Ligand SMILES: Nc1cc(F)ccc1C(=O)O
Ligand SMILES: Nc1cc(F)ccc1C(=O)O
Ligand SMILES: Nc1cc(F)ccc1C(=O)O
Ligand SMILES: Nc1cc(F)ccc1C(=O)O
């Protein structure tokens, strides 16, 4: 991978692997989300970051994902090459946004797009806050100055408030626990694991006959290594829509909420 | 990747990704086992077994047969760091008509030093009935021409760890992780639990104090029975000793053994 000519975006090609595909021999959405994270991390490395700035490290601040929105038009097949371009944009005092564009490396067609909202958090107190002027000045030089949105519609085609699923849920997967492979290098549960846990409660008949087109996921709290999660889903709807909720079974504390849109194959 | 000069082995380079590394910023053994599967699959494609099957041959597809791991043995001397390039060479060889073996050699791409070695044994399973069967003469004849004729072993030395018989762990186990269940990401393209998931499940019962102070050097894992998508697994471990452990994976519903193995850990 490499920064683009103007140094304001980053591109990388990936060859879809045997273990990265599902039953239809195309990449799973969790493989797509892993590749989004990888190209994002390579972009941060290319501009000198490690995603904190010098001022952020001094004040004990970290970036944390508040929302993830992914839309897939075609999933790349096993052995296909997918090219991903990523960039970051300032949202003033609110936080930052990272967008992605997936393309078929052979035809150049846009096969998918994604957007994510990031907020600042004190690493000690775990409390969110607004971005100061000094933090903003350290990374604004790495962002396009004029707006560049992956989703012109509303910077995610579901900017809407995701409501909280009401008990009883229509479907569920109870007692989900992370294993050591679900942890990142900092010993925290990888953000993509939560996508897998949401999708565990979708009925098999839908998975076998439909393809996932859209996923919007809010991140509220983290699941720790010793926590246990319940995944709850209710149909809200050729197209099938679902409302999702992830909560800790120990006390019912919400960790994530989301929505999914599926299209009949 | 590409076939080697004589066309009897295959090589591929991999750049270690951010999410593929553990606490010390080096590749996990589950990432290594995933790369072993990937280079094996690319070797199958390079010799004419297309992406319409999971490295199965024409006769296998016709008879509804798939590949099944019987044993996996991996030895790591140095784990590649995040962003490092590891080169893996793989080859296949029949052991008369009793075994089908796939071996691997892992190397530092720049210096050429051997950083790891692995060996595996394979049998076939009917994808519908799930009944196992040894590799048949017709299936063998389809890939024999792509295998080295003279013996070629990742572990040629006498009394090497790869040939060790593994005993069955006695109850009570010293340590355990109970109630492990696969999720959809643990399934391969044939909707079976991926062989690497069992490696993760074995290692789940290792205590944190060992993980924090030691590095995994050797893992030998026998595969006796498959864990189905609706099964629940208990992972049991006992210290046999460097630290050595004896492992057992069994279904919690009836105690049926699915795997047994051993691990060797070196102090940091
Ligand atoms: N993890 C999943 C679960 C489903 F039910 C369907 C798709 C996926 C996926 O990761 O693509
Ligand atoms: N804010 C950023 C913008 C970029 F383009 C790349 C990295 C960061 C970061 O904060 O790590
Ligand atoms: N999955 C693991 C669990 C452990 F306890 C130690 C190492 C690994 C690994 O995958 O390398
Ligand atoms: N059995 C094999 C031997 C090779 F040399 C390469 C591929 C296979 C296979 O079964 O896919």
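How far apart, in nanometres, would the label points at residue B:95 and residue B:164 be if each is projected 7 angstrom from Cα along the Cα-to-Cβ direction?
Spacing of the two 7 Å Cα→Cβ label points: 1.6 nm.
Taking the convex hull of the Cα atoms, report for chain B its projected area averaged over all directions, in nm².
Across all orientations, chain B yields a mean hull projection of 14.6 nm².
Arrange the following residues from fewest to most other Cβ atoms within 10 Å of their Cβ: B:155, B:49.
Taking fewest neighbouring Cβ atoms as first place, the list is B:155, B:49.
Take every Cα-Cα pair in region B:2-160 and report what % of them are more than 20 Å apart.
Here the long-distance tail beyond 20 Å is 52 percent of all Cα pairs in region B:2-160.
Over the whole of A:23-35, what's the average partner chain Cβ count within 10 Å per residue? Rounded to a whole number, please.
The per-residue average across the peptide is 2.
Using a 10 Å cut-off around each Cβ, can you sort A:248, B:246 from fewest to most neighbouring Cβ atoms?
A:248, B:246
Taking the highest mean first, how do the peptides A:111-123, B:108-120 order by number of other beta carbon atoms within 10 angstrom per residue?
The densest-packed peptide leads the list: A:111-123, B:108-120.
What is the list of residues in region B:246-268 whose amide nitrogen lies under 14 Å from a point 7 angstrom out from the Cα of residue B:225, following Cα to Cβ?
So the set is B:249-260.
Give the order of B:107, A:164 when sorted by the count of other beta carbons within 10 angstrom, beginning with the fewest.
Working: B:107 20, A:164 11.
Listing B:107, A:164 from fewest to most nearby Cβ atoms yields A:164, B:107.
When ranked by the protection proxy of mean other Cβ atoms within 10 Å per residue, highest first, what sequence do the peptides B:38-47, B:125-134 form?
B:38-47, B:125-134
Could you work out how far apart the two model spin labels at residue A:207 and residue A:6 are, taking each label as a point 7 Å from the Cα in the direction of the beta carbon, and quote it in nm?
Going from the residue A:207 label point to the residue A:6 one covers 4.2 nm.
So what's Rg/Rh here for the protein assembly as shown, counting alpha carbon atoms and using the Kirkwood radius for Rh?
That ratio equals 0.96.
Across peptide A:198-206, how many C-beta atoms of other chains are within 10 Å of each residue C-beta, on average?
1
On full extension of the chain, what length is gained from residue B:145 through residue B:113, given 0.36 nm per residue of separation minus the C-alpha to C-alpha distance?
Gain on stretching residue B:145 to residue B:113: 8.6 nm.
Let's test this: bin the Cα-Cα distances of region B:154-268 at 5 Å from zero up to the farthest pair and state each bin's percent.
Reading the bins upward from 0: 2, 11, 22, 23, 18, 14, 8, 2, 0.
Within region B:202-233, list the residues whose amide N lies under 18 Å from a label point set 7 Å along Cα→Cβ of residue B:131.
Of the residues in region B:202-233, B:225-226 have backbone N under 18 Å from the label point off residue B:131.
Can you give the calculated 222 nm mean residue ellipticity of chain B, where each DSSP H run of n ≥ 4 adds -39,500 (n - 2.57) and the sum is split over every residue, rounded to the nearest 500 deg cm²/dmol? Present the calculation step by step, with values, prior to reporting the outcome.
On the way: 5 runs with 45 residues, N = 268.
Result for chain B: -4500 deg cm²/dmol, rounded to the nearest 500.
Here, each number is a calculation from the coordinates, and none is a lab measurement. Neighbour counts are summed over all protein chains in view; Cβ atoms, including those assigned to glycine, are modelled from backbone coordinates with ideal geometry.
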